[PDB]
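Undergrad: Quick one: the structure is below, questions incoming.
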Amino acid sequence: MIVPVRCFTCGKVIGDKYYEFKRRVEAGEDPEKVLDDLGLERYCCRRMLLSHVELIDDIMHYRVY
Amino acid sequence: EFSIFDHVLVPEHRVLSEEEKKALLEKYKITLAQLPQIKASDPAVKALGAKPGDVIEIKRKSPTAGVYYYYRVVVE
Amino acid sequence: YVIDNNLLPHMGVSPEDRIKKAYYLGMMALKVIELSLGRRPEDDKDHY
Amino acid sequence: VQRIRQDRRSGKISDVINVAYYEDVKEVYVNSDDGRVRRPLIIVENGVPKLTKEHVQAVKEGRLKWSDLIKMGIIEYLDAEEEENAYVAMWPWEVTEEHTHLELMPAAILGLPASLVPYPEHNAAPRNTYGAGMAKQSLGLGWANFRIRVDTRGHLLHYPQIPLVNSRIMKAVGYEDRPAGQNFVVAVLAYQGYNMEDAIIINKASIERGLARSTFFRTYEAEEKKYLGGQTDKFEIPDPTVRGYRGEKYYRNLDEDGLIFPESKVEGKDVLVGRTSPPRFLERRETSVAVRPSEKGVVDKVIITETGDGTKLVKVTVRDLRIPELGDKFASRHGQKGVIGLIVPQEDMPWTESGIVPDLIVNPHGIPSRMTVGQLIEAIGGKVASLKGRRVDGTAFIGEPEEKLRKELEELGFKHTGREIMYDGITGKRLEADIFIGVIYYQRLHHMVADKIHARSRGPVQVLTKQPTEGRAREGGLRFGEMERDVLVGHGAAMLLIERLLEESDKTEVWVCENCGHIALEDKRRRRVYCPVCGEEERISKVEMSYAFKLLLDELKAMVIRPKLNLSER
Amino acid sequence: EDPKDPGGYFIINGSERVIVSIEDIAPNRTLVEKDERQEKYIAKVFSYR
Amino acid sequence: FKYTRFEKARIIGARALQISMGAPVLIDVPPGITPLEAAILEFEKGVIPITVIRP
Amino acid sequence: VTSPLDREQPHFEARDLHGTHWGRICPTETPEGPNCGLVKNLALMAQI
Amino acid sequence: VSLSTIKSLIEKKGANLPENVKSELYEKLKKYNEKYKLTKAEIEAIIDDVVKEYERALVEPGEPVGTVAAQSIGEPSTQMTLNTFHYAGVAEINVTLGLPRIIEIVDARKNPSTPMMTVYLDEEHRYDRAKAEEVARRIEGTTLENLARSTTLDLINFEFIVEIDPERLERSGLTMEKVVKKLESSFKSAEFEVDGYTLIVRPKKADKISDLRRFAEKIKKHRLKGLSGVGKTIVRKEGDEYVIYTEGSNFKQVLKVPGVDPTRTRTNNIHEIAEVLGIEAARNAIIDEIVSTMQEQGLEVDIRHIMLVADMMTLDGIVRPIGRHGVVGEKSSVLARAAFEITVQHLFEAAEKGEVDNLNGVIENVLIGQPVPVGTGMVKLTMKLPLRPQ
Amino acid sequence: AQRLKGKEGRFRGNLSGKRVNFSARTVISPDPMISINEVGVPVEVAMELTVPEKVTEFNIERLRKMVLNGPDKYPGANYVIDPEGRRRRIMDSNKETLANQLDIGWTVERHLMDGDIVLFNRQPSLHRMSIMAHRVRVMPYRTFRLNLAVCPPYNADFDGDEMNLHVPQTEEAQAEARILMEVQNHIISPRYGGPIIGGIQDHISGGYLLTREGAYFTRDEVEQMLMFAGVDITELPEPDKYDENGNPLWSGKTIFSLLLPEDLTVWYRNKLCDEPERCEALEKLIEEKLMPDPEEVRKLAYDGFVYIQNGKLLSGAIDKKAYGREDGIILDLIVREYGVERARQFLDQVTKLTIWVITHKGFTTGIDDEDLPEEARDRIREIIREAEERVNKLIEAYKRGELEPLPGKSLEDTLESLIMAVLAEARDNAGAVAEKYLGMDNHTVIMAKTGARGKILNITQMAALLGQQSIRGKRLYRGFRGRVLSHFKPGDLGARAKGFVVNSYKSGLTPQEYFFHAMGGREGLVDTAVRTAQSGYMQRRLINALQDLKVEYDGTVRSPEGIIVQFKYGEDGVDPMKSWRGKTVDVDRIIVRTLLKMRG
Amino acid sequence: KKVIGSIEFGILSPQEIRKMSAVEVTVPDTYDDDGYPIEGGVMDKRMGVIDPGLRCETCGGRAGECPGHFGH
DNA sequence: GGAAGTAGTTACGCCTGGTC
DNA sequence: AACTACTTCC
RNA sequence: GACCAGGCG
Ligand SMILES: [Mg+2]
Ligand SMILES: [Zn+2]
Ligand SMILES: [Zn+2]
Ligand SMILES: [Zn+2]
């Protein structure tokens, strides 16, 4: 849905890094280099950013009022 | 020449006398109707002189007890 | 009625379709005879 | 036949036409019917497939469509009859002059849930079947429309994730836009015997951070039914003077209109739509709608609307937060089902020399008997994908080979076998063996233990047999069948059989006339017991028997059979 | 509505009903087989109209 | 005289049922003991008033 | 895809995978129990 | 300690023991006395331990043996997943094995789906394959169609033409003239002319074509040699002994042909065993066949359960099924029979004859809600009233 | 008529089997830390289901406390019944008065508490061990808990399994359950007279890791494992070795011997016997005097020969032969010579000990567990190549008429049988090569040779060729005419074209081999349901035929009308549950035991 | 209190059915418009009552307590 | 003896929903 | 449907 | 209440 605030495994905060990672990867930079620059060294943290889906945009359209 | 009693499957049969039949019936407190029955047309019965109403003692040759006696009444 | 409707309805229900029913039945009989002679294998029912 | 297929490829004949011949019996079959399952193939002529590189480039650039390729005679549709005449190759380098067709994609022979499985050819067929069947029971954002949809039951995983090792077919279909599951860090070791026998050990800290979290939706419906004669029911908070009135506490959240306010916490047996119906007892009866006795939650949405006939209709949706607990069923795409056998704190979990803590632990004893090498390859691929920052292709037959994954894992700075040096959390010393650890895509199934637990001390009974009702939804009792009766008999338990089958289901007392054997009659008005069949008053005694046996006596006394009963003194 | 929804189903009295295809035998095609009981060769056809 | 499993079960059940209806315990038992446990303690000690009859 | 045969009977020939299912019916996706082999799902390349 | 004193003590203190237990104890004590010097005290202590362990292992009265036997046979059948099995070798015979075999035996089939007999041989024909193949030929029933290489019919001349393979005739012992001699007397008014290895039949009484076809069917189906109902026969070796396995079933005829050992010949058909050898032999065959079938699948079930089932199956003097037409159908209780399978038929017929249900069984007492007479349901209790707490 | 007959009719649906009160059902989860005769009950179920306890002299205080607690607090009660039979639900403004008016002779339906007896049942109910009586142990979460050793009787495997819990309500029923149906009993199966309640996978593998050759443990590990197992001990035995740093080390055999009876003595060969010469040497040493010098045995100690002497393990490794679903030598001897409480104590202690060993020592399975060197791969490749060439030669001979039929079958069946024999032999040889090359230090091999989980066939299919697939005992033939798939030439009878999969699971299957394996798996999955239905019907028939047969007080077996079925049960009078693997008495075991007892 | 010693099965005689019955049924109806059972119908209160609030004419017991009675 | 007919069965629970 | 077993016409 | 469908072990 929306990017998790913390890594499920070790609790490192990765909420802010997702949008930077997405824009840098779309810019054409190497994903490994981007993830290293962001500070995610453990592959548990890299799993959180690499496998996340922004589903909030696709469901914001329907309101419950 | 060949009797069915020489077969390995067939255990040895024998007809009990009246005294032995009475002792058997008293031992288990049973009537002849409470015993297992063997048909009078059975080959083992015919190989003997057994007639309906008679008790046959069978030496079963058990695998667990070695020998084991089983009793059957003759019916028509 | 059972000839025109209940036997080979796909051929037709009019008396004009009776003859084509005869040809189809003859073809089916020829197939069963060929199976009797062993010239053809059994038809698989699970074959798609 | 050659003319037919040449005409079809030339385009003058429709796609639906298929033709085959049989040299054995000299028969040519032409099919143009409906309902034939077909598959596409690339036409190969004289050892050269019709499809070329420029066709592929045109398709990639959007200049050419699939229907175009079918119309030009490049790709052909064959059913079983025409395929009988074919000699299909499976790979482009396998094509010879004797081949008639080439396989477009051998990985497309699988179904969609079966295509969800990565590396399916490294698994045993039963486990592939289990994984394909369990892929349809996972929790995730199935549809973005769920919020305003009215459905009897639904689930919503709070943080769905893309499988790190995934087939390209899953992206082409659209499964990536609606993922169902998460990537776990899985260590394959035996831990305190709580993952024994296909059980699963999970991390408490991971759960508390959102792993496998979900919400359960239930939509209750209440209609203002219009009976004959203008006798309608009313949406209202009923006064205690109405018949069948529940406790005044159960109407705590109701509004004067008769409907429960949204976002109000509702627990079991609390009403949502206060409703009263016209009296039919022999004051207005109550027919209000309350939540199911074992279900709680928060009222997410209350809508009001009008039926087809014109009566008012209200739908109330209750959402219950389901944090994983012991007993909840988890599965992987490779058919490894299991329930949470233990929830372990993070400080008790083992950790790796690289600082990696498992989110889940699986016993190694479930690996060899099941022969799921695909799960190990998927763990290796998931670790490699996480380390690289690029997802690993796990397609059925053209995916990344295991050797390439092992070499890449070696070059990334980790052991090529996937084993890592791990430390015991409890004692602090490293384990003697190197532990296999990786990333496996686990999915939470909807078989939650909260939706299955049931207990019935005593409750409603069926009118016909006086035995307990059936079902978790209606305080049912568990069926102690005849197989369990034989089990009890084989133990020699005679009084326990009496207690389980007579006292606790339908024990009753009947009056039997000793003279006739029929069932005597007791006149509660005249305070007398007698047998109408014979008029006896002194030879009457009670007997104790199950109500089902009295009913059986009734059905035997019907169809004209006399079950005379003889009594004994005990 | 979800744009990902593919349709192909009906809504009957508010409930979504999907019609599952049925794997019937090919109509109007005769199949030959052996009874193996009376040594009788049997050839049957399912004619549809 | 050696009791069978079924004779032992019947004796213990009858003794527990009697105890549950006010029959005094023939030994000393810890407080909070359930009547079945009291009957089992009685049997284990050996003070068994109930006698089984055989054909 | 479903078959009209009764699920109770042991349709050994009808519950097994056929060589003609290649590319038409999924070889692995089928329910466990009585419906095994009698309930089938289409392959991704299948066209009807 | 002398060797005869061992047997004397066994007979003295171990009189309350089965005969096989005494024999085994005697042999084992002999061996251990040969190895180690066993004193009198050790021997007496061993005897006492043996008798105590035997007394501790005796079955407890009131035990529900029948339902335990039923459970211990039915439960392994869920893991009888081997079912059909095929073996590759020179000489093997097809035979139903596994769960269908157990169902066949317990249901007491009139004739199994794959009848098959094990034929032993006497000392005169049990040590050479050449001397056994002749008696196997004497057993196998072979007809003209089996011996024929091909068939041919000429209806215009009322001619039936039979091509015959010389090789299988060499392997069947029958010569062409030997084939035709008995066929001549089997059906009269036929030429029965043999042309080398291609016999030709021209019946003169076949006025119609269908008459010639019926004559051809009769001639093909007529058995030239062997015993009726017997098909393919194979030869196998074990323990330096050659035995025969047949695809047919005919017990008495096989026991009467020369060369067979009449003391060991067997049959898969239990009913035929009973009719030829007696009810006790049928019970023994049932027991050992079920034991062998369980052993082929690696499942271990105690022999005693098999004995109980077989003895209950052969309690009426005949082998009868276990289902509604057998042991269950012979139950005296009306409600017990009506609970199993056919219910309205049993109740209506019981009402017709006015049968009484004495409620002496387990099922009916469960139906009514009264104690069953098994386990704790057989224990009668008595009590002296005056109780004095200590 | 429809009301009466049928599975849903009156007789089967409401008389033989019927729904009952005071029952519960939920998912089961493992719990190695409860005894074998205990069950973990959720607090919700304990508060819901009640046990009617008539208040007496001794339980007046406890029932007063639980009436005071009421239906809300777990150690409470729901209803109070006066001697007159009038029942009152406990609620607010009632708890104090009802507690005051408890008196004596009243009935109080109290909550389940620790020690209560219940019936636990996973109900495909085939044998009498499908229902056993367990002691209640109340647990926080909402799932049933079950000890791992009690799984084999229930056939439960914690993959979503649910089991029913029935609470007996009368004191007679409670006594019947606690005396006849408790899980301490029924350790020995009535089916085969062998242990059915034993270690399954982790207990066996941890026992092997404990008792194997060269397995040593530090002082802290030894103390921790002994405390975890529940073994009572105040002093460690003398250490066996000393580390390079001087640290004392204990052998696994000593730790295992710490929980054996001090009189037990037995020897046997387990599944880990690969060199029979060493076992023969050990047996020759033992047979000379029956009390060999312990150091002499330690000189010739072998992992494939278990030899316990006076409760000390002197040789051998713990295997499935020590304790298991079948053929548990040590467990059988402990349950037959020392009682049934000693067997339960030993089972609990050994399960906890082995679990600790396997947990803190590390047991894993990875990709490397299926790896083979280049030489083994080449040998397997040559095996398949020779098998394919042999099949080609057979096909060519059959095409030229050169082959002649085997007796009992036609030419086609002869060729088929020969081809299947060749393929099976090739699979066996490749599996032999894999077995030779993989070794005993591989964890996948360890759990297969010790019987913990998996057979040699699984390792062969995972590290070497999959072998020939088959349906109903025949080669794969269902498909197109003259072939299986349209990727093979019609009329082909070769190995690959008919289902012979030449790839391992590790090497990955080709699409043709994948379809062939799918066919094999489908035939197995189809077989399962048909087999279970047929077996269920046959079991029902057998039970309905043999229900009432019982042993009378004179030792005979009689029909309800009095007909004698057997004059002595089993023809010798020994119950199969109490027998020694079907034997009346183990004569040699008794002789050796007595001779060691006296001469020792 | 007694226990059932045996059950004898027979065929009911017409006089047995007439005497055992509590009502002779003539009207082929179940309930009236208001919701009460029709006298002479299949649901006559002389055969027992199942609807709460009704009373049996043969026993006087309420629904769930009246065992039920036969008609002919 | 056929040669058809006829009848009788075909595991045990459990859960969900939907329509009468 | 697919098995058995009777029954029952032949 | 019984019918259908889908699952679970
Ligand atoms: Mg399970
Ligand atoms: Zn992290
Ligand atoms: Zn009367
Ligand atoms: Zn009444």
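Ligands are numbered from 1 in the order shown, chains are lettered A, B, ... in the order of the structure tokens, and residues start at 1 in each chain.
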Mind checking which residues fall within 10 Å of residue 14 (chain E), counting only C-alpha atoms (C1' of nucleotides), ignoring those fewer than 4 positions away in the same chain, and posting them as an MDAnalysis selection string?
TA: (chainID D and resid 150:151) or (chainID E and resid 10)
Undergrad: Write out as JSON, numbers by chain each polymer residue (protein, DNA or RNA) that has an atom no more than 12 Å from ligand 3, with only C-alpha atoms (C1' of nucleotides) and all ligand atoms counted.
TA: {"D": [511, 512, 513, 514, 515, 516, 517, 518, 519, 520, 521, 529, 530, 531, 532, 533, 534, 535, 536, 537, 538, 539, 540, 541, 564, 565], "J": [16, 19, 20]}
Undergrad: Save the residues we just selected, N, CA, C and O atoms, as an mmCIF file, in the first residue's frame?
TA:
```
data_model
loop_
_atom_site.group_PDB
_atom_site.id
_atom_site.type_symbol
_atom_site.label_atom_id
_atom_site.label_comp_id
_atom_site.auth_asym_id
_atom_site.auth_seq_id
_atom_site.Cartn_x
_atom_site.Cartn_y
_atom_site.Cartn_z
ATOM 1 N N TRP D 511 -42.590 -43.155 29.508
ATOM 2 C CA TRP D 511 -43.447 -44.046 30.278
ATOM 3 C C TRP D 511 -43.879 -45.208 29.396
ATOM 4 O O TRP D 511 -44.450 -44.998 28.322
ATOM 5 N N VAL D 512 -43.613 -46.429 29.853
ATOM 6 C CA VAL D 512 -43.886 -47.638 29.087
ATOM 7 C C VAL D 512 -44.855 -48.508 29.872
ATOM 8 O O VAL D 512 -44.657 -48.744 31.069
ATOM 9 N N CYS D 513 -45.902 -48.976 29.197
ATOM 10 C CA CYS D 513 -46.856 -49.898 29.796
ATOM 11 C C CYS D 513 -46.280 -51.307 29.761
ATOM 12 O O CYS D 513 -46.021 -51.851 28.684
ATOM 13 N N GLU D 514 -46.075 -51.896 30.941
ATOM 14 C CA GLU D 514 -45.495 -53.232 31.007
ATOM 15 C C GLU D 514 -46.435 -54.287 30.442
ATOM 16 O O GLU D 514 -45.978 -55.342 29.986
ATOM 17 N N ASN D 515 -47.744 -54.030 30.465
ATOM 18 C CA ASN D 515 -48.700 -55.022 29.985
ATOM 19 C C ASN D 515 -48.653 -55.149 28.466
ATOM 20 O O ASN D 515 -48.617 -56.262 27.928
ATOM 21 N N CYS D 516 -48.648 -54.021 27.756
ATOM 22 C CA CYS D 516 -48.669 -54.027 26.298
ATOM 23 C C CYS D 516 -47.308 -53.788 25.666
ATOM 24 O O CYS D 516 -47.024 -54.358 24.608
ATOM 25 N N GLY D 517 -46.467 -52.959 26.276
ATOM 26 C CA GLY D 517 -45.218 -52.556 25.670
ATOM 27 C C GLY D 517 -45.272 -51.262 24.890
ATOM 28 O O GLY D 517 -44.214 -50.753 24.497
ATOM 29 N N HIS D 518 -46.458 -50.708 24.654
ATOM 30 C CA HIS D 518 -46.565 -49.410 24.008
ATOM 31 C C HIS D 518 -46.146 -48.297 24.964
ATOM 32 O O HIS D 518 -45.838 -48.520 26.136
ATOM 33 N N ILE D 519 -46.140 -47.077 24.438
ATOM 34 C CA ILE D 519 -45.744 -45.907 25.212
ATOM 35 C C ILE D 519 -46.960 -45.377 25.958
ATOM 36 O O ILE D 519 -47.978 -45.038 25.346
ATOM 37 N N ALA D 520 -46.858 -45.307 27.281
ATOM 38 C CA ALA D 520 -47.953 -44.800 28.089
ATOM 39 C C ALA D 520 -48.089 -43.290 27.921
ATOM 40 O O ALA D 520 -47.173 -42.599 27.467
ATOM 41 N N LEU D 521 -49.258 -42.779 28.293
ATOM 42 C CA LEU D 521 -49.567 -41.361 28.197
ATOM 43 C C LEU D 521 -49.651 -40.764 29.593
ATOM 44 O O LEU D 521 -50.249 -41.362 30.492
ATOM 45 N N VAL D 529 -51.049 -41.162 34.843
ATOM 46 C CA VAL D 529 -50.281 -41.858 33.818
ATOM 47 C C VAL D 529 -50.994 -43.167 33.505
ATOM 48 O O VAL D 529 -51.341 -43.923 34.419
ATOM 49 N N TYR D 530 -51.226 -43.423 32.222
ATOM 50 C CA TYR D 530 -51.979 -44.604 31.820
ATOM 51 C C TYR D 530 -51.648 -44.944 30.374
ATOM 52 O O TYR D 530 -51.067 -44.141 29.640
ATOM 53 N N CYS D 531 -52.025 -46.157 29.981
ATOM 54 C CA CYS D 531 -51.823 -46.649 28.624
ATOM 55 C C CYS D 531 -53.148 -46.629 27.879
ATOM 56 O O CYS D 531 -54.041 -47.428 28.199
ATOM 57 N N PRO D 532 -53.331 -45.749 26.893
ATOM 58 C CA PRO D 532 -54.607 -45.724 26.161
ATOM 59 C C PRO D 532 -54.916 -47.017 25.430
ATOM 60 O O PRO D 532 -56.096 -47.324 25.217
ATOM 61 N N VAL D 533 -53.898 -47.786 25.037
ATOM 62 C CA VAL D 533 -54.136 -48.997 24.257
ATOM 63 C C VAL D 533 -54.836 -50.057 25.098
ATOM 64 O O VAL D 533 -55.694 -50.795 24.598
ATOM 65 N N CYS D 534 -54.486 -50.159 26.383
ATOM 66 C CA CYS D 534 -55.049 -51.192 27.242
ATOM 67 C C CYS D 534 -55.685 -50.663 28.519
ATOM 68 O O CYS D 534 -56.341 -51.436 29.224
ATOM 69 N N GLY D 535 -55.518 -49.383 28.838
ATOM 70 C CA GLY D 535 -56.079 -48.840 30.065
ATOM 71 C C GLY D 535 -55.468 -49.369 31.346
ATOM 72 O O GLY D 535 -56.203 -49.691 32.288
ATOM 73 N N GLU D 536 -54.143 -49.470 31.406
ATOM 74 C CA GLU D 536 -53.446 -49.897 32.612
ATOM 75 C C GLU D 536 -52.915 -48.679 33.357
ATOM 76 O O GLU D 536 -52.491 -47.698 32.741
ATOM 77 N N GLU D 537 -52.942 -48.749 34.687
ATOM 78 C CA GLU D 537 -52.465 -47.645 35.510
ATOM 79 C C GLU D 537 -51.433 -48.116 36.528
ATOM 80 O O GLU D 537 -50.690 -47.300 37.083
ATOM 81 N N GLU D 538 -51.379 -49.424 36.784
ATOM 82 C CA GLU D 538 -50.471 -49.932 37.806
ATOM 83 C C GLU D 538 -49.174 -50.474 37.216
ATOM 84 O O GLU D 538 -48.127 -50.395 37.866
ATOM 85 N N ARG D 539 -49.214 -51.023 36.005
ATOM 86 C CA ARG D 539 -48.014 -51.559 35.361
ATOM 87 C C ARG D 539 -47.404 -50.525 34.416
ATOM 88 O O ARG D 539 -47.288 -50.732 33.208
ATOM 89 N N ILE D 540 -47.015 -49.387 34.988
ATOM 90 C CA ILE D 540 -46.399 -48.295 34.244
ATOM 91 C C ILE D 540 -45.113 -47.899 34.953
ATOM 92 O O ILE D 540 -45.114 -47.675 36.168
ATOM 93 N N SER D 541 -44.020 -47.812 34.198
ATOM 94 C CA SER D 541 -42.726 -47.478 34.776
ATOM 95 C C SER D 541 -41.930 -46.627 33.800
ATOM 96 O O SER D 541 -42.119 -46.708 32.583
ATOM 97 N N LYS D 564 -42.794 -53.496 20.277
ATOM 98 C CA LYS D 564 -43.114 -53.793 21.668
ATOM 99 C C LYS D 564 -41.847 -53.821 22.513
ATOM 100 O O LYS D 564 -40.848 -54.438 22.136
ATOM 101 N N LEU D 565 -41.896 -53.156 23.664
ATOM 102 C CA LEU D 565 -40.747 -53.024 24.550
ATOM 103 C C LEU D 565 -40.936 -53.905 25.776
ATOM 104 O O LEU D 565 -42.004 -53.894 26.397
ATOM 105 N N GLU J 16 -55.421 -51.686 17.250
ATOM 106 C CA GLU J 16 -54.324 -51.042 17.963
ATOM 107 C C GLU J 16 -54.160 -49.596 17.520
ATOM 108 O O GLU J 16 -53.970 -48.702 18.350
ATOM 109 N N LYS J 19 -57.160 -47.487 18.879
ATOM 110 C CA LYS J 19 -57.100 -47.206 20.311
ATOM 111 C C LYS J 19 -55.928 -46.301 20.664
ATOM 112 O O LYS J 19 -56.058 -45.433 21.534
ATOM 113 N N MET J 20 -54.782 -46.485 20.008
ATOM 114 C CA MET J 20 -53.605 -45.683 20.318
ATOM 115 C C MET J 20 -53.767 -44.238 19.866
ATOM 116 O O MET J 20 -53.088 -43.347 20.390
#
```
Undergrad: To one decimal place, how far is CA of residue 515 (chain I) from CA of residue 27 (chain G) in Å?
TA: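 Result for CA of residue 515 (chain I) versus CA of residue 27 (chain G): 6.8 Å, one decimal.
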Undergrad: Using only C-alpha atoms and all ligand atoms, can you tell me which of D:41, D:508, D:522, D:563 comes closest to ligand 4?
TA: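 That would be D:522, the residue with the smallest distance to ligand 4.
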Undergrad: Leaving out residue 11 (chain C) and any residue of its chain fewer than 3 positions from it, which residues lie within 9 Å of it when counting only C-alpha atoms (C1' of nucleotides), given as an MDAnalysis selection string?
TA: (chainID C and resid 7:8 17:18 20:21 24) or (chainID E and resid 47 49)
Undergrad: Please save C-alpha atoms of the selected residues as a PDB file, in the first residue's frame.
TA:
```pdb
ATOM      1  CA  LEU C   7     -32.514 -40.774 -34.035  1.00  0.00           C
ATOM      2  CA  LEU C   8     -29.797 -38.475 -35.397  1.00  0.00           C
ATOM      3  CA  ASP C  17     -33.326 -35.991 -43.667  1.00  0.00           C
ATOM      4  CA  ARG C  18     -34.107 -39.697 -43.172  1.00  0.00           C
ATOM      5  CA  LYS C  20     -28.832 -38.760 -44.628  1.00  0.00           C
ATOM      6  CA  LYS C  21     -29.500 -40.438 -41.286  1.00  0.00           C
ATOM      7  CA  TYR C  24     -24.464 -41.511 -41.219  1.00  0.00           C
TER       8      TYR C  24
ATOM      9  CA  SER E  47     -26.183 -35.952 -31.736  1.00  0.00           C
ATOM     10  CA  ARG E  49     -30.044 -30.326 -32.146  1.00  0.00           C
TER      11      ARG E  49
END
```
Undergrad: Give the residue list for ligand 2 at 9 Å, counting only C-alpha atoms (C1' of nucleotides) and all ligand atoms, as a PyMOL selection string, sorted by chain and then by residue number.
TA: (chain A and resi 6-14+40-48) or (chain D and resi 355-357)
